[PDB]
Structures are given as structure tokens and as C-alpha cells.
Amino acid sequence: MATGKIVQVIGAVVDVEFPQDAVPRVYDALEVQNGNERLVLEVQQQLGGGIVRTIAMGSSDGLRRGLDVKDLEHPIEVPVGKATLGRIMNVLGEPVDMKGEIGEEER
Amino acid sequence: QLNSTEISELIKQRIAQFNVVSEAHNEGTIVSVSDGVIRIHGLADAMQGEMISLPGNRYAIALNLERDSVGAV
Amino acid sequence: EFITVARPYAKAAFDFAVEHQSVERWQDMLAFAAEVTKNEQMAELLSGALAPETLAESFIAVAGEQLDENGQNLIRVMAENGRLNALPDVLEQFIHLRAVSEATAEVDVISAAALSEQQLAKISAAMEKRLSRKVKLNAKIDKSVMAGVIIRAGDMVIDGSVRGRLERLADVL
């Protein structure tokens, strides 16, 4: 499942290496198990060697180089519509008030 | 063994035996994509300002005819 | 040009070859790699942005005549850094380093015609006294000298050519 590896970490940006036949597209999301939390990276560039430059949608501390990262094959997607009215949401569309999950039908 | 002639024939034959293939002229491969600029490897007969055709019906303008790469927008 | 990038790799290769008493084998191995680096199809592959690991494997394959220590490590380290095009210089630097430790000098001599092999042996013994090395003369037959000889010993040169004396006289006038 996890198919790529971190090869650099410069502050907010992270470089990830993939097989050249599976390199993600230029706005896809990626996932990393940062310690115990789950960190989402958004890829900004395709460098040449199956490497990819991404921006971390979260705190970058604790990241080792060599961690496995998992290729979500779709961009960042957020809940939308009537379901999202009386509520506060994260940048990732996750609910940030202490209420339950959002009841959206569409993202 | 150590004769340079034998080595030069051995290397031409061994490289062919591996089945590497050079690029055709008038063709290349994208090797980098960022912020609207792409770097193309190969494409030796590109001309400065020439329209390059990408997958789809998109085009790019070859602006940098460097060595070892073409930079296009 | 990449003398400066080849210096570390040549020094490491040589300093390793004397820990394992195989300078002579390493030299021919690097000479083999330096020849593979020149091929027209391989030079197209080295310019291509393959992953360093697979480009190194695509380079190991065309040279099986190589130690585990030498090819499969040096070529991979140079590939990770993208330095493989430096091999023709890593060779020359290696040779030079060797000639340094072995106290040798590759003095070159240039003449309008062959020397008498008494002249040339005198030259050998005299350069070995001028310098502090075993010299290894190699001659060249260049006609523009017309008479006399040029002795080049690295950056030092001694010019006894009649053309050099003629042009110097031309500038004394």
C-alpha cells in the first residue's frame, strides 16, 4: 500500500521518492504516519527521479527521512453543501468543533 | 582482454545486447513539471520559439534550448 | 570541465587501492569505465534523468569485469551524485596520484628527429638529477623545432629549439 519514501525535509516542504511508473500527479494528496498522527502532503512539483516536492498540511516536526508514504490518487477534497452550514471545518474539510462528523453527500 | 580495440567493440556489442534505444529526433520525454514550465529531454531538432505538441491538444513554446534539456512553457 | 569534482573520488579510489595492494588492477578498471563513459549511446543514457539507482544498475551491467569493491560501489556512489561523466578525469587524477607516491615523472621530450639513445639516456640521467624521481621519457617528432629539443617536465619547460632562439632573437631586435 505505502509505496514512496521521504528523502528530504526542509521545514514545511518534503521530498518523496516513488517508482517512475507510479509518480503522483501535480496536485494529488499523500499521507504519512507522523509518529502516531496522520499527516497529509500536497504535491507541488514533479522533480525528475520519481521524486516529488510537497507541502505538509500540518506540523512537520518528527518526520524522519525514509518513512513510507501512501499515494492517495485524488486531490484534497472537502465536504460541501447544506451539510456544512452550522459548523467549523479544518483546511482538510475535517470538523474542528467537538460535534460529530459532517453529514455531507458530496465532496 | 586489455586491448582497447577489443574493449570498444565489446562495449558497442554489449550496449546493443542490453537493448537500450536512443530517442528519435523530433521527439522527447517530459522529465520535470512545475509552475507551468516543463523540462523535456531529447527533442534535439527543437527550434527556439517552436511550438511543441503535448498529449491532448495542448502546446508549449520552446524557449530555452540548453544542452541536455529543453525548457518550455 | 570537472577536475575539481573528480579529485575526491580519485583520492578515495587510490587511498583504498593501497590498503588492498591492487593499484594496478584499479587503474585498468577505471580505464575500462572511462571507455564505457564515451560511447554515443551510453552518453545519451547518462544525460537522461533516470533514478540514480537504476542508472547505476544500467551502468554496472555493461561492465561485469569489475570487483565488488570497485564497480558496484564506486559507480553507485558516483551515480548518486550524478558524477559518472567525471570518470575520464577520475582516471587521470588516479594515475597522477600514483606517479606521486611511486616517485615518478613522465618527462616529455620533443625534437625534429630521433635522438641517438646516448643523448636520450644522458637526458634520462640528467633529468633524474634535476628532479628527484625516476623519469620515463617519451619522444615526439615535431618538425617545426627544426633542431634541438624541448624538454617538458610538467609545468617546467626547457626550450633549446632553434625556432625558439630565432623568435627570441627576433624580439631582442
# chains A, B, ... in the order shown; residues from 1 in each chain; ligands from 1

call {"tool": "select_by_dssp", "arguments": {"residues": "chain A", "states": "strand (DSSP E)", "output": "PyMOL selection string"}}
result
chain A and resi 4-10+13-17+28-34+37-46+51-56+68-75

call {"tool": "select_by_dssp", "arguments": {"residues": "chain B", "states": "alpha helix (DSSP H)", "output": "CSV table (one decimal) with N, CA, C and O atoms, in the first residue's frame"}}
result
chain,number,residue,atom,x,y,z
B,4,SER,N,42.4,-2.1,-26.1
B,4,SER,CA,41.4,-1.0,-26.3
B,4,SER,C,40.4,-1.3,-27.4
B,4,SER,O,39.2,-0.9,-27.3
B,5,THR,N,40.9,-1.8,-28.5
B,5,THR,CA,40.0,-2.2,-29.7
B,5,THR,C,39.0,-3.2,-29.3
B,5,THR,O,37.8,-3.0,-29.6
B,6,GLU,N,39.4,-4.3,-28.7
B,6,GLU,CA,38.5,-5.3,-28.2
B,6,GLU,C,37.5,-4.7,-27.2
B,6,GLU,O,36.3,-5.1,-27.3
B,7,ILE,N,37.9,-3.9,-26.3
B,7,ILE,CA,37.0,-3.2,-25.4
B,7,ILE,C,36.0,-2.4,-26.1
B,7,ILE,O,34.8,-2.4,-25.7
B,8,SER,N,36.4,-1.6,-27.1
B,8,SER,CA,35.5,-0.7,-27.8
B,8,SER,C,34.4,-1.5,-28.7
B,8,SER,O,33.2,-1.1,-28.7
B,9,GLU,N,34.8,-2.6,-29.2
B,9,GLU,CA,33.8,-3.5,-29.9
B,9,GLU,C,33.0,-4.2,-28.9
B,9,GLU,O,31.7,-4.3,-29.1
B,10,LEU,N,33.6,-4.7,-27.8
B,10,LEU,CA,32.8,-5.4,-26.7
B,10,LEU,C,31.8,-4.4,-26.1
B,10,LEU,O,30.6,-4.9,-25.9
B,11,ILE,N,32.1,-3.2,-25.9
B,11,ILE,CA,31.1,-2.2,-25.3
B,11,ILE,C,30.0,-1.9,-26.3
B,11,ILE,O,28.8,-1.8,-26.0
B,12,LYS,N,30.4,-1.6,-27.6
B,12,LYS,CA,29.3,-1.4,-28.6
B,12,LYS,C,28.3,-2.6,-28.7
B,12,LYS,O,27.1,-2.4,-28.6
B,13,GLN,N,28.9,-3.8,-28.7
B,13,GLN,CA,28.1,-5.0,-28.7
B,13,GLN,C,27.3,-5.3,-27.4
B,13,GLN,O,26.1,-5.7,-27.5
B,14,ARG,N,27.9,-5.0,-26.3
B,14,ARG,CA,27.2,-5.2,-25.0
B,14,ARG,C,26.1,-4.2,-24.8
B,14,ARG,O,25.0,-4.6,-24.3
B,15,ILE,N,26.3,-3.0,-25.1
B,15,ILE,CA,25.3,-1.9,-25.0
B,15,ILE,C,24.1,-2.3,-26.0
B,15,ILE,O,22.9,-2.2,-25.6
B,16,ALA,N,24.4,-2.7,-27.2
B,16,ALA,CA,23.3,-3.2,-28.1
B,16,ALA,C,22.6,-4.4,-27.5
B,16,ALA,O,21.4,-4.5,-27.6
B,17,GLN,N,23.4,-5.3,-26.9
B,17,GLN,CA,22.8,-6.5,-26.3
B,17,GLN,C,21.8,-6.2,-25.1
B,17,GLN,O,20.8,-6.9,-24.9
B,18,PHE,N,22.1,-5.2,-24.4
B,18,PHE,CA,21.1,-4.7,-23.3
B,18,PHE,C,19.8,-4.2,-23.9
B,18,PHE,O,18.9,-4.0,-23.1

call {"tool": "residues_around", "arguments": {"residues": "residue 150 (chain C)", "least_positions_apart": "6", "cutoff": "8 Å", "atoms": "only C-alpha atoms", "output": "PyMOL selection string"}}
result
chain C and resi 109-111+157-161

call {"tool": "write_last_selection", "arguments": {"atoms": "C-alpha atoms", "output": "compact mmCIF listing (two decimals), in the first residue's frame"}}
result
# COMPACT_ATOMS: atom_id res chain seq x y z
CA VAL C 109 60.81 15.39 -24.98
CA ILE C 110 60.17 16.95 -28.39
CA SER C 111 62.61 17.01 -31.30
CA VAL C 157 59.99 23.50 -19.68
CA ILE C 158 63.48 23.88 -21.17
CA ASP C 159 63.49 25.13 -24.78
CA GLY C 160 66.56 24.56 -26.92
CA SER C 161 64.77 24.67 -30.26

call {"tool": "residues_around", "arguments": {"residues": "residue 34 (chain B)", "least_positions_apart": "3", "cutoff": "10 Å", "atoms": "only C-alpha atoms", "output": "list in words"}}
result
residues 26, 44, 45, 46, 47 and 53 of chain A; 37, 38 and 39 of chain B

call {"tool": "interface_residues", "arguments": {"of": "chain C", "to": "chain B", "cutoff": "12 Å", "atoms": "only C-alpha atoms", "output": "PyMOL selection string"}}
result
chain C and resi 25+27-29+31-51+55+57-65

call {"tool": "residues_around", "arguments": {"residues": "residue 76 (chain C)", "least_positions_apart": "5", "cutoff": "10 Å", "atoms": "only C-alpha atoms", "output": "PDB file with C-alpha atoms, in the first residue's frame"}}
result
ATOM      1  CA  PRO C  52      20.392   7.259  -9.780  1.00  0.00           C
ATOM      2  CA  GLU C  53      19.870   3.664  -8.631  1.00  0.00           C
ATOM      3  CA  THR C  54      18.555   2.294 -11.919  1.00  0.00           C
ATOM      4  CA  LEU C  55      21.053   4.388 -13.898  1.00  0.00           C
ATOM      5  CA  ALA C  56      23.794   2.832 -11.799  1.00  0.00           C
ATOM      6  CA  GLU C  57      22.420  -0.629 -12.475  1.00  0.00           C
ATOM      7  CA  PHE C  59      25.937   1.056 -15.883  1.00  0.00           C
ATOM      8  CA  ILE C  60      27.060  -1.964 -13.843  1.00  0.00           C
ATOM      9  CA  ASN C  70      35.313  -1.251  -7.231  1.00  0.00           C
ATOM     10  CA  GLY C  71      32.455  -1.146  -9.700  1.00  0.00           C
ATOM     11  CA  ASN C  81      25.875  12.281  -7.013  1.00  0.00           C
ATOM     12  CA  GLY C  82      25.429  12.221 -10.793  1.00  0.00           C
ATOM     13  CA  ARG C  83      29.193  12.312 -11.327  1.00  0.00           C
ATOM     14  CA  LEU C  84      29.632   9.469 -13.811  1.00  0.00           C
TER      15      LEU C  84
END

call {"tool": "residues_around", "arguments": {"residues": "residue 54 (chain A)", "least_positions_apart": "3", "cutoff": "10 Å", "atoms": "only C-alpha atoms", "output": "NGL selection string"}}
result
:A and (9 or 12-16 or 26-30 or 40-46 or 51 or 57)

call {"tool": "residues_around", "arguments": {"residues": "residue 61 (chain B)", "least_positions_apart": "6", "cutoff": "6 Å", "atoms": "only C-alpha atoms", "output": "list in words"}}
result
residues 49, 50, 51, 72 and 73 of chain B

call {"tool": "closest_residue", "arguments": {"among": "B:40, B:3, B:28, B:33", "to": "chain A", "atoms": "only C-alpha atoms"}}
result
B:33

call {"tool": "closest_residue", "arguments": {"among": "C:30, C:166, C:121, C:23", "to": "residue 87 (chain C)", "atoms": "only C-alpha atoms"}}
result
C:30

call {"tool": "atom_distance", "arguments": {"atom1": "CA of residue 62 (chain B)", "atom2": "CA of residue 44 (chain B)"}}
result
11.6 Å

call {"tool": "interface_residues", "arguments": {"of": "chain A", "to": "chain C", "cutoff": "9 Å", "atoms": "only C-alpha atoms", "output": "list in words"}}
result
residues 19, 20, 48, 49, 50 and 51 of chain A

call {"tool": "write_last_selection", "arguments": {"atoms": "N, CA, C and O atoms", "output": "PDB file, in the first residue's frame"}}
result
ATOM      1  N   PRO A  19       8.486   5.002  -7.404  1.00  0.00           N
ATOM      2  CA  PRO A  19       8.827   4.363  -8.680  1.00  0.00           C
ATOM      3  C   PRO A  19       8.386   5.238  -9.843  1.00  0.00           C
ATOM      4  O   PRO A  19       7.343   5.891  -9.788  1.00  0.00           O
ATOM      5  N   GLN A  20       9.197   5.255 -10.901  1.00  0.00           N
ATOM      6  CA  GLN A  20       8.921   6.158 -12.011  1.00  0.00           C
ATOM      7  C   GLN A  20       7.651   5.800 -12.774  1.00  0.00           C
ATOM      8  O   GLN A  20       7.136   6.642 -13.517  1.00  0.00           O
ATOM      9  N   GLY A  48      12.695  15.177 -11.332  1.00  0.00           N
ATOM     10  CA  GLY A  48      12.942  14.120 -12.305  1.00  0.00           C
ATOM     11  C   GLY A  48      12.920  12.678 -11.823  1.00  0.00           C
ATOM     12  O   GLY A  48      12.241  11.843 -12.422  1.00  0.00           O
ATOM     13  N   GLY A  49      13.602  12.359 -10.729  1.00  0.00           N
ATOM     14  CA  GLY A  49      13.742  10.934 -10.463  1.00  0.00           C
ATOM     15  C   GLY A  49      12.665  10.229  -9.670  1.00  0.00           C
ATOM     16  O   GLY A  49      12.980   9.535  -8.702  1.00  0.00           O
ATOM     17  N   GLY A  50      11.404  10.369 -10.069  1.00  0.00           N
ATOM     18  CA  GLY A  50      10.391   9.740  -9.263  1.00  0.00           C
ATOM     19  C   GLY A  50      10.269  10.406  -7.921  1.00  0.00           C
ATOM     20  O   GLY A  50       9.603   9.885  -7.023  1.00  0.00           O
ATOM     21  N   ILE A  51      10.908  11.550  -7.785  1.00  0.00           N
ATOM     22  CA  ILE A  51      10.822  12.378  -6.611  1.00  0.00           C
ATOM     23  C   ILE A  51       9.726  13.393  -6.869  1.00  0.00           C
ATOM     24  O   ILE A  51       9.321  13.642  -8.009  1.00  0.00           O
TER      25      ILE A  51
END

call {"tool": "atom_distance", "arguments": {"atom1": "CA of residue 149 (chain C)", "atom2": "CA of residue 94 (chain C)"}}
result
29.6 Å

call {"tool": "closest_residue", "arguments": {"among": "A:32, A:24, A:67, A:80", "to": "chain B", "atoms": "only C-alpha atoms"}}
result
A:24

call {"tool": "closest_residue", "arguments": {"among": "B:36, B:27, B:19, B:57", "to": "chain A", "atoms": "only C-alpha atoms"}}
result
B:36

call {"tool": "closest_residue", "arguments": {"among": "A:55, A:71, A:81, A:25", "to": "chain B", "atoms": "only C-alpha atoms"}}
result
A:25
